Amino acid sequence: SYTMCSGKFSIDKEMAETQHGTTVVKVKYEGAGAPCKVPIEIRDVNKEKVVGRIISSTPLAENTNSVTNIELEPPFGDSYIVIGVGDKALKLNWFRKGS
């Protein structure tokens, strides 16, 4: 339906835990080609891809300078979340404790 956003993102609101064991982050799309899909990759402690942990139904950047809400269920341990493409990609770290 849509293609992935080629542009830059910035943090509108810092990543935060929710009441039900998920995380939310708000991001601002500074680039062009909107409406486009927000690129999101989640990797685990070994930098292996982790699938199906994106709770929000596929995140879009609707316009230029639009703000997008992103809900995730990151996995156990240290996870690495990358948003966007290219050099300017946002790189976020999260830690979740388990058994």
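In case it trips you up, residue 1 is the first one in the sequence shown, and so on.
Asks: Please pick out which of 74, 52, 33, 59 has the largest Cα B-factor as recorded in the entry.
Replies: Across 74, 52, 33, 59, the entry lists the biggest C-alpha B-factor for 74.
Asks: By the CA temperature factor listed in this entry, which of these ranks top: 70, 67, 38, 42?
Replies: It is 67.
Asks: C-alpha B factor of residue 25, ranked within the chain: lowest, middle or highest third?
Replies: Answer is lowest: the recorded C-alpha B-factor places it there.
Asks: Should residue 89 be placed in the lowest, middle or highest third of its chain by the C-alpha B factor in the entry?
Replies: For residue 89, the deposited C-alpha B-factor lands in the middle third.
Asks: Would you please rank residue 16 by its C-alpha temperature factor against the other modelled residues of its chain and give the third it falls in: lowest, middle or highest?
Replies: CA B-factor rank for residue 16: highest third.
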